[PDB]
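Single chain ahead, written as structure tokens, the form deposited in one PDB entry.
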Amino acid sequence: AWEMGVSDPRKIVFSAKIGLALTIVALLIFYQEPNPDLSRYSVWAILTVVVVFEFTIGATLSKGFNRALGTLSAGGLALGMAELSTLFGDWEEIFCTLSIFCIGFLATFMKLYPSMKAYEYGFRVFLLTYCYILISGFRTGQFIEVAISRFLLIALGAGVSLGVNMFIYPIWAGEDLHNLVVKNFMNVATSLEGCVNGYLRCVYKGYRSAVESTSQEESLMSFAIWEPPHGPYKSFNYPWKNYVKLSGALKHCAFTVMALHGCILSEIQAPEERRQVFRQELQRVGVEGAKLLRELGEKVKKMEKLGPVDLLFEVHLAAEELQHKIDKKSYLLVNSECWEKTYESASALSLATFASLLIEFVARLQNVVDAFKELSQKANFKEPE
């Protein structure tokens, strides 16, 4: 839709790039030599463009490498089996059919391995190449020059797709990974404040994005290993793994925010009157946590190093003030008459679960800070000021 396009103009550029590659191949085939067989080999290029044009440069390179491997191995095996069939002069079609059965069984069995559920697209091209070459080289024989001519057009289609994708506003998966790591910090910072305000009032996509994106940041890292150097990422081997290490460190913290959100939806809840006693300390703790997470996101975005001052001083002081406040008024959580109604006791005891989950969230930040200090060292981040 128009709103979708205006919000993200990257997709419009990608669509116009694919349409331009198809237009170029079409123009060549329209104004090509009028040699015979034109309508036969013309379509192969325009149809491999639609198959090899991927969103990112690294996915294009990886998928075209696995597709070239599958096609070359299937064609070599098909030619070897076609030559071997001649020995069974009396039984030719029987041998060819039994080879098609064995190959189909083996490829279909190997694609089902748990460790190969990602590379099915190369097993399909393997089975297609073997069946096409075995069935299109029988009624005539000596089916070679044509299988060596079809690939000189598949190559042209892939060459024009690669040139158009790479040399006109390319999209790099490394920058996608960098911007996703920057986004997660702001999502978690918004969720924490939303949870505290919701509990103290007289938040889902935030931690959902940080918890549900583990595989996205691994596929982006798989694609980024093929791309050459560019921009600020100038090095033989950029440490892309420290980004995923810092993302895991942040996810370990986002699980506590998930538990704090789940406290609001519980069936058992504490009286609103007793919540207002501890309002100030909870608001200060949430404010300092959101400030620290936005500072770390801003320092990751600019590729800057940490300053000399301690970043955790204020949040630690706030958490110690909250602990003292809980200590002074603990008599509102339990009762002393029975010391030696179940619902009322559970409601009273459920406020200390919120306070303990907030103290544990403050306790888990040091690991994210250490991960950032490691990433700013492996990658030569700039000094501040």
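Rigid core (definition): largest C-alpha set, two forms, superposition within 1.5 Å. Start at 1 and count along the sequence shown; that's the residue number.
Another form, the form deposited in another entry, is not on view; read the next lines as being about it.
A 2 Å or larger CA shift between the shown form and the other one, after fitting on the rigid core, occurs at just one of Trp226, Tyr233, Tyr121, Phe255, namely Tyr121. Fitting the two forms on the rigid core leaves the C-alpha of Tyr243 displaced by under 2 angstroms between the shown form and the other one. A movement of the C-alpha atom of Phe185 falling short of 2 angstroms is seen between the shown form and the other one when the two forms are aligned on their rigid core. Superposed on the core, the two forms differ at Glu33: its CA moves 2 Å or more between the shown form and the other one.
A change of 3 Å or more separates the two forms for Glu54 and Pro114: their C-alpha atoms lie closer together in the other form.
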